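Q: Below is a structure I'd like to ask you about.
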Amino acid sequence: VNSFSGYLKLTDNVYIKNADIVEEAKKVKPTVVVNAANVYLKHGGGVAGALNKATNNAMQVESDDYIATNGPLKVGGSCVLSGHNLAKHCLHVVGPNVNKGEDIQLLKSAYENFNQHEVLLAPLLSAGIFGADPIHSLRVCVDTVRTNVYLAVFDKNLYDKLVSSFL
Ligand SMILES: Cc1c[nH]c2ncnc(NCC3(O)CCC3)c12
Ligand SMILES: [Cl-]
């Protein structure tokens with residue numbers, strides 16, 4: 001039993017809700033919140049910009065030190081950093097950004113990072129400003145993640161479309 005409330009159950013391990021991941025994280029304080037990161041951990045917009053703003057830029061400060069030490073992430077890769085005031089940990093996961101020409105096949109590799117954590121709060125990878133089809137992102141999530149994932153979809157119309165179209 002966990003404290004995630006109001007979710008619709010999609011499969012044995014995948015759950016979904018129309019919610020702002022920022023407001024959800026503040027309420028639940030999950031062990032792991034997933035960020036929709038880029039390889040430079042430049043949290044300018046989309047989910048990343050919103051999560052960073054909620055940390056008063058502390059996420060960005062920590063991220064800049066991480067990059068200065070380790071260099072950029074790989075597309076499809078991840079790193080674990082602090083969750084600041086939002087969660088214990090933030091799993092920064094880089095899905096492919098279609099508006100950069102990146103290979104959508106890397107979306108499965110991106111979701112595989114979730115399997116290293118028993119329970120996560122997360123957005124759909126590569127959706128929104130990363131330019132992929134969110135229906136596809138949900139399909140890859142369900143077919144790749146085996147741990148317990150609570151998906152927050154910010155747009156109500158897209159959520160209803162994701163629910164109504166779910167196979
Ligand atoms: C932009 C933003 C702020 N807070 C959020 N919480 C959850 N999801 C988000 N955007 C990603 C999508 O849900 C839309 C396509 C996939 C956001
Ligand atoms: Cl977005």
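Identifiers in the structure tokens: chain A, B, ... in order shown; residue index from 1 per chain; ligand index from 1 in order shown.
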Within 9 Å of ligand 2 (counting only C-alpha atoms and all ligand atoms), which residues show up? I'd like them as a list in words.
A: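 Checked against 9 Å with only C-alpha atoms and all ligand atoms; the hits are residues 36, 45, 46, 47, 48, 123, 126, 127, 128, 129, 130, 131 and 154 of chain A.
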Q: Kindly save the residues from that selection, with N, CA and C atoms included, as a PDB file, in the first residue's frame.
A:
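Now in part_13.pdb:
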```
ATOM      1  N   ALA A  36      11.776  14.693 -16.872  1.00  0.00           N
ATOM      2  CA  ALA A  36      11.954  14.626 -18.321  1.00  0.00           C
ATOM      3  C   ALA A  36      13.158  15.492 -18.697  1.00  0.00           C
ATOM      4  N   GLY A  45      12.268  24.162 -19.574  1.00  0.00           N
ATOM      5  CA  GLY A  45      10.861  24.188 -19.928  1.00  0.00           C
ATOM      6  C   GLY A  45      10.274  22.798 -19.821  1.00  0.00           C
ATOM      7  N   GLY A  46       8.988  22.694 -20.138  1.00  0.00           N
ATOM      8  CA  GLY A  46       8.321  21.422 -19.985  1.00  0.00           C
ATOM      9  C   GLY A  46       8.322  20.976 -18.537  1.00  0.00           C
ATOM     10  N   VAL A  47       8.240  19.656 -18.342  1.00  0.00           N
ATOM     11  CA  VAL A  47       8.286  19.084 -16.998  1.00  0.00           C
ATOM     12  C   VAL A  47       9.529  19.552 -16.252  1.00  0.00           C
ATOM     13  N   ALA A  48      10.689  19.512 -16.917  1.00  0.00           N
ATOM     14  CA  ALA A  48      11.946  19.852 -16.251  1.00  0.00           C
ATOM     15  C   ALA A  48      11.942  21.294 -15.765  1.00  0.00           C
ATOM     16  N   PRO A 123       6.343  11.394 -15.588  1.00  0.00           N
ATOM     17  CA  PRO A 123       5.623  11.802 -16.794  1.00  0.00           C
ATOM     18  C   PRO A 123       5.860  10.782 -17.903  1.00  0.00           C
ATOM     19  N   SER A 126       9.336  11.632 -23.553  1.00  0.00           N
ATOM     20  CA  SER A 126       9.369  12.139 -24.914  1.00  0.00           C
ATOM     21  C   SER A 126       8.062  12.804 -25.336  1.00  0.00           C
ATOM     22  N   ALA A 127       7.082  12.936 -24.437  1.00  0.00           N
ATOM     23  CA  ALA A 127       5.840  13.635 -24.738  1.00  0.00           C
ATOM     24  C   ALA A 127       6.039  15.140 -24.558  1.00  0.00           C
ATOM     25  N   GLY A 128       4.969  15.903 -24.754  1.00  0.00           N
ATOM     26  CA  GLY A 128       5.089  17.346 -24.629  1.00  0.00           C
ATOM     27  C   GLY A 128       6.121  17.895 -25.595  1.00  0.00           C
ATOM     28  N   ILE A 129       7.000  18.769 -25.089  1.00  0.00           N
ATOM     29  CA  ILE A 129       7.953  19.479 -25.943  1.00  0.00           C
ATOM     30  C   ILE A 129       9.023  18.588 -26.557  1.00  0.00           C
ATOM     31  N   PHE A 130       9.149  17.330 -26.116  1.00  0.00           N
ATOM     32  CA  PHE A 130      10.067  16.409 -26.780  1.00  0.00           C
ATOM     33  C   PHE A 130       9.488  15.838 -28.075  1.00  0.00           C
ATOM     34  N   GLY A 131       8.214  16.097 -28.373  1.00  0.00           N
ATOM     35  CA  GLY A 131       7.685  15.925 -29.714  1.00  0.00           C
ATOM     36  C   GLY A 131       7.257  14.533 -30.123  1.00  0.00           C
ATOM     37  N   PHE A 154      -0.464  15.990 -17.601  1.00  0.00           N
ATOM     38  CA  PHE A 154      -0.878  17.346 -17.229  1.00  0.00           C
ATOM     39  C   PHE A 154      -2.123  17.795 -17.985  1.00  0.00           C
TER      40      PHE A 154
END
```
Q: Select from chain A every residue with an atom at most 12 Å from any atom of ligand 1, then for each give the shortest pair of atoms and their distance in Å to one decimal, using only C-alpha atoms and all ligand atoms, rows by chain and rising number, as JSON lines.
A:
```
{"residue": "A:16", "atom": "CA", "partner": "ligand 1", "partner_atom_place_in_ligand_line": "13 (O)", "distance": 10.3}
{"residue": "A:17", "atom": "CA", "partner": "ligand 1", "partner_atom_place_in_ligand_line": "7 (C)", "distance": 9.6}
{"residue": "A:18", "atom": "CA", "partner": "ligand 1", "partner_atom_place_in_ligand_line": "13 (O)", "distance": 8.2}
{"residue": "A:19", "atom": "CA", "partner": "ligand 1", "partner_atom_place_in_ligand_line": "6 (N)", "distance": 6.3}
{"residue": "A:20", "atom": "CA", "partner": "ligand 1", "partner_atom_place_in_ligand_line": "6 (N)", "distance": 3.9}
{"residue": "A:21", "atom": "CA", "partner": "ligand 1", "partner_atom_place_in_ligand_line": "6 (N)", "distance": 3.6}
{"residue": "A:22", "atom": "CA", "partner": "ligand 1", "partner_atom_place_in_ligand_line": "4 (N)", "distance": 5.6}
{"residue": "A:23", "atom": "CA", "partner": "ligand 1", "partner_atom_place_in_ligand_line": "6 (N)", "distance": 8.0}
{"residue": "A:24", "atom": "CA", "partner": "ligand 1", "partner_atom_place_in_ligand_line": "6 (N)", "distance": 8.2}
{"residue": "A:25", "atom": "CA", "partner": "ligand 1", "partner_atom_place_in_ligand_line": "6 (N)", "distance": 9.4}
{"residue": "A:26", "atom": "CA", "partner": "ligand 1", "partner_atom_place_in_ligand_line": "6 (N)", "distance": 11.8}
{"residue": "A:33", "atom": "CA", "partner": "ligand 1", "partner_atom_place_in_ligand_line": "6 (N)", "distance": 10.7}
{"residue": "A:34", "atom": "CA", "partner": "ligand 1", "partner_atom_place_in_ligand_line": "7 (C)", "distance": 10.0}
{"residue": "A:35", "atom": "CA", "partner": "ligand 1", "partner_atom_place_in_ligand_line": "7 (C)", "distance": 9.5}
{"residue": "A:36", "atom": "CA", "partner": "ligand 1", "partner_atom_place_in_ligand_line": "11 (C)", "distance": 8.1}
{"residue": "A:37", "atom": "CA", "partner": "ligand 1", "partner_atom_place_in_ligand_line": "11 (C)", "distance": 11.5}
{"residue": "A:43", "atom": "CA", "partner": "ligand 1", "partner_atom_place_in_ligand_line": "1 (C)", "distance": 11.4}
{"residue": "A:44", "atom": "CA", "partner": "ligand 1", "partner_atom_place_in_ligand_line": "1 (C)", "distance": 10.7}
{"residue": "A:45", "atom": "CA", "partner": "ligand 1", "partner_atom_place_in_ligand_line": "1 (C)", "distance": 7.3}
{"residue": "A:46", "atom": "CA", "partner": "ligand 1", "partner_atom_place_in_ligand_line": "1 (C)", "distance": 4.0}
{"residue": "A:47", "atom": "CA", "partner": "ligand 1", "partner_atom_place_in_ligand_line": "2 (C)", "distance": 4.1}
{"residue": "A:48", "atom": "CA", "partner": "ligand 1", "partner_atom_place_in_ligand_line": "1 (C)", "distance": 7.6}
{"residue": "A:49", "atom": "CA", "partner": "ligand 1", "partner_atom_place_in_ligand_line": "1 (C)", "distance": 7.7}
{"residue": "A:50", "atom": "CA", "partner": "ligand 1", "partner_atom_place_in_ligand_line": "3 (C)", "distance": 5.2}
{"residue": "A:51", "atom": "CA", "partner": "ligand 1", "partner_atom_place_in_ligand_line": "4 (N)", "distance": 7.2}
{"residue": "A:52", "atom": "CA", "partner": "ligand 1", "partner_atom_place_in_ligand_line": "3 (C)", "distance": 10.3}
{"residue": "A:53", "atom": "CA", "partner": "ligand 1", "partner_atom_place_in_ligand_line": "3 (C)", "distance": 10.2}
{"residue": "A:54", "atom": "CA", "partner": "ligand 1", "partner_atom_place_in_ligand_line": "4 (N)", "distance": 10.2}
{"residue": "A:95", "atom": "CA", "partner": "ligand 1", "partner_atom_place_in_ligand_line": "16 (C)", "distance": 11.8}
{"residue": "A:121", "atom": "CA", "partner": "ligand 1", "partner_atom_place_in_ligand_line": "7 (C)", "distance": 9.7}
{"residue": "A:122", "atom": "CA", "partner": "ligand 1", "partner_atom_place_in_ligand_line": "7 (C)", "distance": 7.6}
{"residue": "A:123", "atom": "CA", "partner": "ligand 1", "partner_atom_place_in_ligand_line": "8 (N)", "distance": 5.1}
{"residue": "A:124", "atom": "CA", "partner": "ligand 1", "partner_atom_place_in_ligand_line": "16 (C)", "distance": 5.0}
{"residue": "A:125", "atom": "CA", "partner": "ligand 1", "partner_atom_place_in_ligand_line": "16 (C)", "distance": 7.0}
{"residue": "A:126", "atom": "CA", "partner": "ligand 1", "partner_atom_place_in_ligand_line": "16 (C)", "distance": 7.4}
{"residue": "A:127", "atom": "CA", "partner": "ligand 1", "partner_atom_place_in_ligand_line": "15 (C)", "distance": 4.2}
{"residue": "A:128", "atom": "CA", "partner": "ligand 1", "partner_atom_place_in_ligand_line": "15 (C)", "distance": 3.7}
{"residue": "A:129", "atom": "CA", "partner": "ligand 1", "partner_atom_place_in_ligand_line": "15 (C)", "distance": 7.5}
{"residue": "A:130", "atom": "CA", "partner": "ligand 1", "partner_atom_place_in_ligand_line": "15 (C)", "distance": 8.5}
{"residue": "A:131", "atom": "CA", "partner": "ligand 1", "partner_atom_place_in_ligand_line": "15 (C)", "distance": 8.7}
{"residue": "A:132", "atom": "CA", "partner": "ligand 1", "partner_atom_place_in_ligand_line": "15 (C)", "distance": 8.6}
{"residue": "A:133", "atom": "CA", "partner": "ligand 1", "partner_atom_place_in_ligand_line": "15 (C)", "distance": 8.4}
{"residue": "A:134", "atom": "CA", "partner": "ligand 1", "partner_atom_place_in_ligand_line": "15 (C)", "distance": 6.1}
{"residue": "A:135", "atom": "CA", "partner": "ligand 1", "partner_atom_place_in_ligand_line": "16 (C)", "distance": 9.4}
{"residue": "A:136", "atom": "CA", "partner": "ligand 1", "partner_atom_place_in_ligand_line": "16 (C)", "distance": 11.0}
{"residue": "A:137", "atom": "CA", "partner": "ligand 1", "partner_atom_place_in_ligand_line": "16 (C)", "distance": 8.6}
{"residue": "A:138", "atom": "CA", "partner": "ligand 1", "partner_atom_place_in_ligand_line": "16 (C)", "distance": 9.4}
{"residue": "A:150", "atom": "CA", "partner": "ligand 1", "partner_atom_place_in_ligand_line": "7 (C)", "distance": 10.9}
{"residue": "A:151", "atom": "CA", "partner": "ligand 1", "partner_atom_place_in_ligand_line": "7 (C)", "distance": 8.0}
{"residue": "A:152", "atom": "CA", "partner": "ligand 1", "partner_atom_place_in_ligand_line": "7 (C)", "distance": 5.0}
{"residue": "A:153", "atom": "CA", "partner": "ligand 1", "partner_atom_place_in_ligand_line": "13 (O)", "distance": 3.6}
{"residue": "A:154", "atom": "CA", "partner": "ligand 1", "partner_atom_place_in_ligand_line": "13 (O)", "distance": 4.3}
{"residue": "A:155", "atom": "CA", "partner": "ligand 1", "partner_atom_place_in_ligand_line": "14 (C)", "distance": 5.9}
{"residue": "A:156", "atom": "CA", "partner": "ligand 1", "partner_atom_place_in_ligand_line": "13 (O)", "distance": 9.0}
{"residue": "A:157", "atom": "CA", "partner": "ligand 1", "partner_atom_place_in_ligand_line": "14 (C)", "distance": 10.1}
{"residue": "A:158", "atom": "CA", "partner": "ligand 1", "partner_atom_place_in_ligand_line": "14 (C)", "distance": 7.5}
{"residue": "A:159", "atom": "CA", "partner": "ligand 1", "partner_atom_place_in_ligand_line": "13 (O)", "distance": 8.1}
{"residue": "A:160", "atom": "CA", "partner": "ligand 1", "partner_atom_place_in_ligand_line": "13 (O)", "distance": 11.8}
{"residue": "A:161", "atom": "CA", "partner": "ligand 1", "partner_atom_place_in_ligand_line": "15 (C)", "distance": 11.6}
{"residue": "A:162", "atom": "CA", "partner": "ligand 1", "partner_atom_place_in_ligand_line": "16 (C)", "distance": 10.3}
```
Q: Residues near residue 107 (chain A), anyone? I mean within 9 Å using only C-alpha atoms, not counting same-chain ones fewer than 3 positions away, as a list in words.
A: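 Once the adjacent positions are removed, what remains is residues 75, 76, 94, 95, 96, 103, 104, 110, 111, 112, 125, 126, 137, 140 and 141 of chain A.
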Q: Go through region 16-50 of chain A and collect every residue that DSSP, computed from the backbone, puts in alpha helix (DSSP H); the answer should be as a PyMOL selection string.
A: chain A and resi 21-28+46-50
Q: Near residue 78 (chain A), within 7 Å and counting only C-alpha atoms, which residues show up once chain neighbours fewer than 3 positions away are dropped, as a list in words?
A: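 Contacts, in chain order: residues 73, 91, 92, 93, 94 and 113 of chain A.
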Q: Go through A:163, A:14, A:90, A:58 and flag the residue nearest residue 145 (chain A), using only C-alpha atoms for the distances.
A: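 Going through A:163, A:14, A:90, A:58 one by one, the smallest distance to residue 145 (chain A) is for A:14.
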Q: Name all residues at most 9 Å from residue 147 (chain A) (count only C-alpha atoms; drop same-chain ones fewer than 5 positions away) and give them as a ChimeraX atom specification.
A: /A:13-14,114-120
Q: Save the residues we just selected, N, CA and C atoms, as a PDB file, in the first residue's frame?
A:
```pdb
ATOM      1  N   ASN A  13       1.037  -3.091 -13.159  1.00  0.00           N
ATOM      2  CA  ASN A  13       2.069  -2.236 -12.575  1.00  0.00           C
ATOM      3  C   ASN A  13       2.042  -0.783 -13.040  1.00  0.00           C
ATOM      4  N   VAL A  14       1.166  -0.411 -13.973  1.00  0.00           N
ATOM      5  CA  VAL A  14       1.119   0.939 -14.534  1.00  0.00           C
ATOM      6  C   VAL A  14      -0.208   1.603 -14.173  1.00  0.00           C
ATOM      7  N   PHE A 114      13.542   3.036 -15.396  1.00  0.00           N
ATOM      8  CA  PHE A 114      12.554   2.976 -14.323  1.00  0.00           C
ATOM      9  C   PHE A 114      12.633   1.650 -13.560  1.00  0.00           C
ATOM     10  N   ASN A 115      13.106   0.578 -14.207  1.00  0.00           N
ATOM     11  CA  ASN A 115      13.105  -0.739 -13.572  1.00  0.00           C
ATOM     12  C   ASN A 115      14.101  -0.852 -12.431  1.00  0.00           C
ATOM     13  N   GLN A 116      14.973   0.138 -12.259  1.00  0.00           N
ATOM     14  CA  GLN A 116      15.907   0.154 -11.144  1.00  0.00           C
ATOM     15  C   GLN A 116      15.288   0.710  -9.868  1.00  0.00           C
ATOM     16  N   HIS A 117      13.995   1.051  -9.889  1.00  0.00           N
ATOM     17  CA  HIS A 117      13.313   1.657  -8.751  1.00  0.00           C
ATOM     18  C   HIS A 117      11.961   0.991  -8.563  1.00  0.00           C
ATOM     19  N   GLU A 118      11.658   0.605  -7.321  1.00  0.00           N
ATOM     20  CA  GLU A 118      10.461  -0.197  -7.072  1.00  0.00           C
ATOM     21  C   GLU A 118       9.170   0.571  -7.338  1.00  0.00           C
ATOM     22  N   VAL A 119       9.157   1.874  -7.055  1.00  0.00           N
ATOM     23  CA  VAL A 119       7.982   2.723  -7.227  1.00  0.00           C
ATOM     24  C   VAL A 119       8.448   4.098  -7.690  1.00  0.00           C
ATOM     25  N   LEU A 120       7.752   4.669  -8.679  1.00  0.00           N
ATOM     26  CA  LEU A 120       8.107   5.985  -9.199  1.00  0.00           C
ATOM     27  C   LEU A 120       6.867   6.788  -9.552  1.00  0.00           C
TER      28      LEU A 120
END
```
Q: Might you pull out every residue within 10 Å of residue 81 (chain A), with only C-alpha atoms counted and same-chain residues fewer than 6 positions away left off, and present them as a list in words?
A: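 Close residues of residue 81 (chain A): residues 32, 59, 62, 63, 66, 88, 89, 90, 91 and 92 of chain A.
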